[PDB]
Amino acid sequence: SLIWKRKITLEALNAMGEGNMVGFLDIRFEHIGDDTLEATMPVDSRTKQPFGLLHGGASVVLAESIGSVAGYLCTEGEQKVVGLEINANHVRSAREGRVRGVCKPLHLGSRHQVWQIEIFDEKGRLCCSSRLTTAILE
C-alpha cells in the first residue's frame, strides 16, 4: 500500500512552507502514512471570515496545499504536478483549535491524479470534503 515515489521527512515537508502561504497560515504537516498525508491548520485571525468562523477558502488552501505535495511525492525525477481543478463542500463550521486535513488518492495515473482531502475539527467531525485534480508534467 506504499504510494510514494519520493522519500521525504516531516521536517523537509514543513520546510517548504517558509516565506509562503503555507508558512503564513501555520499549516503543519503531521503524518506521512503509506498511502495518506495529513496536515493541520489553526482556526485563527489569519484563517477566519468576518464572523469568527473558519473561512471556506482557508479549508481549500489546506486541501490544495496537502494534495499538491502528495501529488509531487507520487512523481519521480524532475516530474512535477500542476493543479487543474479543486472542489469542496463545506459541511460544518469550525471556530477554534486546529483543523486536520486527511488526503488519500482516488487516482494515480501516468498523466493525471485525483486526490480526496477531508478536513475535520478537533472532535473528529467532518467540516469540509474536497477533491483536487492534477496533471503530471514531464
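We number the residues from 1 along the sequence you see.
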(request) Identify the stretch, either 82 to 90 or 26 to 34, whose C-alpha atoms have the larger mean B-factor according to the entry. (result) 26 to 34
(message) Mean CA temperature factor from the deposited coordinates, higher in 5 to 13 or in 117 to 125?
(response) 5 to 13
(request) Would you mind finding, among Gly57, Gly77, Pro105, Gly101, the residue with the largest C-alpha temperature factor in the entry? (result) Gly77
(message) Test of reading the entry: by CA B factor among the chain's modelled residues, which third contains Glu64?
(response) lowest
(message) Looking at the temperature factor on the CA atom of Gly52, which third of the chain's modelled residues does it land in?
(response) highest
(request) Would you please rank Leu132 by its C-alpha temperature factor against the other modelled residues of its chain and give the third it falls in: lowest, middle or highest? (result) lowest
(request) State the tercile, meaning the lowest, middle or highest third, of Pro42 with respect to the CA B-factors recorded for its chain. (result) middle
